[PDB]
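As written, the chain order gives the labels A, B, C, D, E, F, G, H and I, with residue 1 at the start of each chain.
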Amino acid sequence: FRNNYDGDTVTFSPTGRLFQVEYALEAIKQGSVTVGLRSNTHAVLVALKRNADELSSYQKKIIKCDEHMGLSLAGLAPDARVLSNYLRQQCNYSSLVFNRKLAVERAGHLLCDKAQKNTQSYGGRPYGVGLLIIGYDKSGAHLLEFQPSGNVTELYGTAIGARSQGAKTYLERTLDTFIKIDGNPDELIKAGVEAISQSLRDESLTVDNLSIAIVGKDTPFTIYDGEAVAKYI
Amino acid sequence: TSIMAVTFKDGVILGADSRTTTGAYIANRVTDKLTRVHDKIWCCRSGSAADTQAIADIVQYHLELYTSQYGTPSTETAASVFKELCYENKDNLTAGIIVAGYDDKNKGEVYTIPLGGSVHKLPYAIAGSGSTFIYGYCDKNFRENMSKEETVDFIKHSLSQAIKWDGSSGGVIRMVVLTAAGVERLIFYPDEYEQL
Amino acid sequence: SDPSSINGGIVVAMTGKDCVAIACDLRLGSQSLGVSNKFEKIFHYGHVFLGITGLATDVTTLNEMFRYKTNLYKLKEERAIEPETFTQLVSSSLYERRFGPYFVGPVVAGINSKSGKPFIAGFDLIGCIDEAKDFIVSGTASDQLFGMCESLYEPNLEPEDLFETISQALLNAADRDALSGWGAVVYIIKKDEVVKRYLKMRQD
Amino acid sequence: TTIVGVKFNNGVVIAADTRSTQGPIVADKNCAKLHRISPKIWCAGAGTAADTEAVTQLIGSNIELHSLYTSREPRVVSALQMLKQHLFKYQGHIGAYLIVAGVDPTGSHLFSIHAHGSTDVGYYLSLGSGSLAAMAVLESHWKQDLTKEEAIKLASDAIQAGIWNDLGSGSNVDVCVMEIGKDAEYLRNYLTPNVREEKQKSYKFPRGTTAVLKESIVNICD
Amino acid sequence: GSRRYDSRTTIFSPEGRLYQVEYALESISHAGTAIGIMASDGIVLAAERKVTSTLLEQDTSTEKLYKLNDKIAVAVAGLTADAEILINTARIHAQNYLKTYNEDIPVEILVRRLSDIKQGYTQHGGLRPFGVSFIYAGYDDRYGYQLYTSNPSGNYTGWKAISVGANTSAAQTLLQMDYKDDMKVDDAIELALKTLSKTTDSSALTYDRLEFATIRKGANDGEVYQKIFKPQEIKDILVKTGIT
Amino acid sequence: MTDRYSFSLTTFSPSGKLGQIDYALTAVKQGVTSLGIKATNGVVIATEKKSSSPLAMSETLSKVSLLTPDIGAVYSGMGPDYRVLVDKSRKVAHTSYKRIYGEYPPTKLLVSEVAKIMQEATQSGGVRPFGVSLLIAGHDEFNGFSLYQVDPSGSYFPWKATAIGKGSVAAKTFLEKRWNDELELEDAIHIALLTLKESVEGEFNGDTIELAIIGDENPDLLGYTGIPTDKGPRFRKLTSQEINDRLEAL
Amino acid sequence: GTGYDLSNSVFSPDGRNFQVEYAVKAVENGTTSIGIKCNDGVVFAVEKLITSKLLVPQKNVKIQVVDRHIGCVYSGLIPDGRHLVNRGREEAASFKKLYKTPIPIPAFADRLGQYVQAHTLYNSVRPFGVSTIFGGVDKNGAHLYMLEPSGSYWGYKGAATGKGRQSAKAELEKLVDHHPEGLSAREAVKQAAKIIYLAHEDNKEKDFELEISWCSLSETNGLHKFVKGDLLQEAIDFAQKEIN
Amino acid sequence: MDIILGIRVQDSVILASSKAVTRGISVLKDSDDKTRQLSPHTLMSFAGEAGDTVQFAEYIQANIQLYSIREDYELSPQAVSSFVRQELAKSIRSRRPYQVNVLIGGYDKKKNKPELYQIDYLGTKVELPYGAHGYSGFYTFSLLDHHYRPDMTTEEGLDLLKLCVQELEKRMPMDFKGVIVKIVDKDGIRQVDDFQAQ
Amino acid sequence: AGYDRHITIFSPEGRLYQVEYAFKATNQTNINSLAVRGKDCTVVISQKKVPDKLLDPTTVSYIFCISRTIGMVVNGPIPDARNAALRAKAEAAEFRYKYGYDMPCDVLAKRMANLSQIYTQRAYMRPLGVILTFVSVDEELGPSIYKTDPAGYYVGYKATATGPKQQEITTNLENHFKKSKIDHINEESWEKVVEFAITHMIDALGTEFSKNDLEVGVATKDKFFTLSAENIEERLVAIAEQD
């Protein structure tokens, strides 16, 4: 079975699966955990940076795409770079040509369409990375989950990566609670850190290990690392 | 060259002179400037003969393929193809085309595509060097919903004048009647229209 | 300015009785300055002869080109090209550069090895074939040559006679042209042999 | 150049003079301006010589190949469509003006084509610097329903108007008749009204007249 | 994708060999034998026509000896069609060289170019190599008489006498046995015919099954002459040497 | 999309064979028999019109094609491959020869052109060799009459007479017996008809046979008159009638 | 042998293209969606599985519009569906640009048709993992279509695909019989909401979200518009009622 | 223009080339060597457009040298000039032609005879006893047409040049700052460092 | 090795399996069709089968109008059939444009056949699993029927049939012609020719037809058109009053 239908993306299995795409998804899981949640005024990204050695850094997992948009990555870093960069251009284009900030919903459509291309043509490989996009546009706070399959979804909150299932259940519970953390950033963040810890196990989120990013009504997407997050550990 | 297309109660009529010149010499005195792009969509050509013939030929091609796939095209669509060619290649074309077609729903329709490549839908349209001389007359004598016989007269008189003053025009006056009845070819010789 | 008048030169060809003659001058100058007195303008590929007047660089380029084409032709065809055929090759080769021509005026002369018939032809710079039975002229002194030929020519001349006629046609025309002369060479061609003589002419 | 085309009750005929010129000098006193596009489709061309020649052969080539592909006789309208689209493409830079005629499975046809790619249809046509002299004649004698012999006369006369009245035309008259049922008949030098009178003297030179400096045999054999 | 049907014709075997070349050579080994012997006054090219019939037109035929230039000719062993492709491009290179330098192309220069083309299909492109081996017989004013040989690999070398095609090992030994530096064209002509005669996979060595050519500098002249023997000429020389 | 078959589909096997060329030949072996005989003043090529249904019109299917007015071809193998080959051949005759020299190509060269086309379908990326063998008969001023056979490998050879297809072996033998360098065109036409009869199971007449010749010029098939040098095509396909007449003298 | 199912353009011994068939599997495994043609327009509706409470309601839209009069809905690999619409969108713009008039539904159908069929011709591309239901109102009526991964498509009175295509089709067939005079835009909108609810049983495990859109010459002026608020609730209830 | 002279005597070829390099109103250099050695026995002098001049020369130099190493052989002067002509002949019909005129003088070791080639930027080649490019030719052709004999020794050749160079200094409007002379014979190429007063 | 069954290369026996399998696909729709020549027209009958009740019957067809004069009926899957139709239309339009006259039926066939022959030799393009029957009343050849297959083969018929039960229809027709001794239906009106066609279609298939079981196309001088449910019904009633 599978072994004969997983040689490349252009092949369908007898049941209708695209194993290469599936194996790509498998790289997301092996990736460190990250979480995103939004109220009606803000949206927050809390990502757990992973380290190789105790002599190595905790590889950055949050990329800014424009003053009003950003995302967190879980999987192959290079692929996130490629994709984030593409998004940065789409945002830029929208501004320069139409003097309009790119709708988060539309950024999602662009990401889906770009990924889909690497799953129908010979030679290419799917993207091996998951993305969580947050942003404040002409219709408020937004949170998007991007899967290499090409499937992009808008949620109130969510998480991806290893043990990501913990945070996701926690948020599926805390829903009614954080969704109302309007006007208060520090609360939405804390609410996020309390979701990300729901997927810990190995250690505890240190200072040079925690990474948070936020955007909203009067907050240009910004990223906090280290001392900046100390007050959240 | 003097050409015109007039919409009336039962459809539409296209008329033209039959003179093509290269300088003061009349290369052809029995020219047929009334070209068929489709069964019930014809056009009047003015300007570069080479250009208008080539343009027409390409349009006829497009409408023939259009028909193969989507049935009979509207007169508006025929106009859009001419327009697309004239506009897009404005720098290398010298064509003034009048497009006239007969629809069963829209009855008669006339579109004029001047030099720029812009499109104009009108009750009737006149074009060609001779047209300048009959702007006054045509404006004063045109009425909507005229009868076939009336319209054939309007065109016949107008063109006879255009031919009278413009040296680039002359020969015979050809016409094409487009109605639900089908297609009718008309011709009028000098001896008749000169003394109108 | 006019490429066909930078270097100067003339070529003429005539048909006789079972023979053909082709002659040219030896001048090669640059405007008024004469430079070479040995620049010949007649070449041959097998038994087919070609004379090229016009821009020197093109005269040379075309010869090299035709040597090239005739060589391959023989390797494939396994026989040397005939006047008629070569003429067609010249024509198409020239028109191939229709919008950036060679500034030459070619003349073909030879006898069909199969039918023994004499053959001469001329073309303009873009290749239009001018096939004449009597004579073909070309060069900066072409008007003079037309004058000489039209008068001094008569059918079926014999090799020794055609020679006298062609040489007098070339010689006297070249002398009414500031850009031609400075030497001259005539080719008398027959089925079995070909003689090449250098004429003695004014050196001014 | 002077070329004409005349339709007659059962076909069409085309004629042309035989003078070729470079500036005011006559280069060829008898060249053939009548070209065969296909066995029964002939073409008469004026304008840039090399152009009418090349364009004529090219389309002739394609017509032949098209004939073999479709297993049908070539149609004049096809030679007409190919010729014009080719000429148009070149914005008039290929100075070829032609009168194309012939008979095919659909009847007898007469057309004219200009270097820019525009085409005309008619019962009688003329092109060339002799165009007007000829057209004057045609506009004076043409009538509907001409017999093959009447057409040949009318055409032959039109080309003459050119020879005599136009400096760009002269020498002989060539004709080609295409009749709906038979083979096309080419009539090279159907008229030769300009034979040069015998020269007042002979200019044959006494051998030895020309001074030679060197001599030698040339190697033709490889 | 298509990667599934790709034979990867340009890869190395674990032993550092090129499969396709090796197999192409294997193909060449069943081709009619061709021999080239270089003497002091000329070169001789003899070849055995693989398969023939009574009805085969030998007059108009040629399948082993091709003229490249006027001073260079080749003997073929392998796919005739493949050979013709290379022959023609070879002929062009000669002409370019001429048109460029107004001098005939030196024999090795032409041989290297052709061999380089072959080497190409060996290292890139994913196409099969040419199933051809050539014996080049030429003359130039720098090395005079020369004999070369090239094969599918794109490798080429020079010889005094050499063979290609079928039974080369046998033919080479026989040649290495009776060749003498001071030889003469007529001698080589005979050596050549004998060699073929002893390696043929046929009953007898008749004229109808041969192609013969010599490149001499005909004393009464001073230039080089290529002669491609006609059926009749072969039949004679065949009897004379004593093979009737 | 995009042809990602940029590699050869025909390669050398360890044995030295080029499989696809071999198989293409096998395909030819199955094809209906066809032959060609060269006389002293003409050549004749003929084959069987194996109608694939009594409802089909055998005429709308010529196995014998004119390439130039003095060259004709016939085949054995996959008809479709032949059809496109004839097209390419007819065209190359112009593009590479008539348009350059103003005259149609001599038989050997045109054959050489066809052979080239076929050779390439043996090495170019992503293609299979042609499944046909051709017999091309023609005449040119400096080479007279000639007959050639072109194989899928791209190889071609000149013949006095030969046959390809189904019963080629048998037919080739029958030819060796009846051929001689003094045969007149009619003698060959006769011999041709005989050899072909052995390879035909059913009806043997002018409607089940296709035969053409390369002989004298037919000024009657020229289409026009007025040019002495133009005498007419040497290639002529025999009519169903002209065949039967010779069948009664069989 | 076997393996006829590993390359996309390959024909199996029985004349099939297994890769296309495998694509269908991916389609059948997807959400259910339908289309109902009425007397002057068409209605589209699709099931939207609520994977979790985190899915912002009403946000993740699925139905798409092409130009201004075409509505498209599909079952299977969503990304592939978007891809096909992007094409259709260009396909439509191109048509309008040249002919001025907005593209006729049938004409549009073949555009998608030809494009999809195209992805079954080469092994360098994968077939589409979606079945699409689309339609609209044009110069002469309303048209409903369904396109298969094979590129095959036909005009329908009612159409459905996805997990519960059978429940749906069953229902649809009833409607066709019990309304030989023609359903109405208002009617179809509710009827659709019901059929989605019924067909949701073959997935009754997860909760879903309804989504409808329509194009009616009278109700929307021939333009494609989504069913929202009141009219949506009214239809949601009409179903919620008959589900019991 | 600049002065470019070439003269073929009995067993050698002599090339005289002006030393001045002027741009505008200033004479920038007075020791310019308007020559390049293509091979041990082939020398090429050149004159023309400011940049094209050297660029072309060096380009041709590189090719000949590459040929020499590839074939381990020296191309005959005839062959080299044929190569150079073809280059110029290609150039003339290119986007921006090389505006350079050259004189190629070499000693053919196979024929044991010196050769002089004149080729202008159009690709016009011709072999001569003596040649020149530019306005110089207007004074030197008749000068040599008078004082020239084929059997002249290299020494007689240098005196013949001096005679030319003197005529040029007398009548030419420009100050070309003298010339540099070089001899090409069976023993290679050498430069006469004493012509500033020989 | 065994890949000689997946791509278009020769099998040791010299066969091209992919082309053979392509032929297999042409029967997938289980429809039969036949064409016959009138005195001055050409008729094509084809079974029309509409299984689903949800289908708009008016959109189900395997008969196409290629040009004002050419009609083509396909035997095989619809997506391939539509692909072939669009190409044929395109090809016919361009021909007229470039050559100045309507592309003849036989030529369009040869052209389409050639295109198919290419999918036979070049690997990356798969053959189309369809058989194309072209019809018209050529301005030079009169009534014409030309058919092409995945092999790239093509020929003209006096009449022909295609589909699963193709053989019974063929022998039926063969016999009728052995009898009539002529190569066509000696009828003046196409109405009677269409009837003849539908008639022999029944005799061979041993089945009765309703106005919605058939699909008819007629080619006449300067026009090829298809019949309506009613036009057919009228034809059915006519043959009803004879049996």
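Methods note: a residue touches a chain if its C-beta (ideal position, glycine included) is under 8 Å from a C-beta of that chain, and two chains touch if they have at least 3 such contacts.
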| item | value |
| --- | --- |
| Any chain that touches chain F and chain C | D, E |
| Chain occupying the middle, per Cα centroid | F |
| Relative to chain I, chain with the most remote C-alpha centre | H |
| Intercentroid distance (Cα basis), chain F paired with chain D, Å | 38 |
| Euclidean distance of C-alpha centroids - chain G vs chain I, Å | 32 |
| Approximate Å spacing (C-alpha centroids) for the pair chain B, chain C | 57 |
| Distance between chain centroids, defined by C-alpha means - chain B, chain D (Å) | 36 |
| Shared-contact residues (touching 2 or more other chains) in chain D | 69, 85, 222 |
| Where chain G touches two or more other chains, by residue | 6-7, 106, 110, 122-125 |
| Full enumeration of touching chain pairs | A-E, A-G, B-D, B-G, B-I, C-D, C-E, C-F, C-H, D-F, D-I, E-F, E-G, E-H, E-I, F-G, F-I, G-I |
| Complex contact set, residues of chain B against chain I | 57-58, 60-61, 64-65, 68-69 |
| Contact set on chain I toward chain G in their complex | 2, 5-7, 17-18, 21-28, 53-56, 58-60, 77-80, 82-83, 86, 124-127, 129 |
| In the complex, chain G residues that touch chain B | 97-101, 104, 106-107, 110 |
| Touch list for chain E against partner chain H, complex | 99-103, 106, 109, 141-142 |
| Residue numbers on chain D that touch chain B, as the complex places them | 84-85, 88, 91-92, 114, 116-122, 132 |
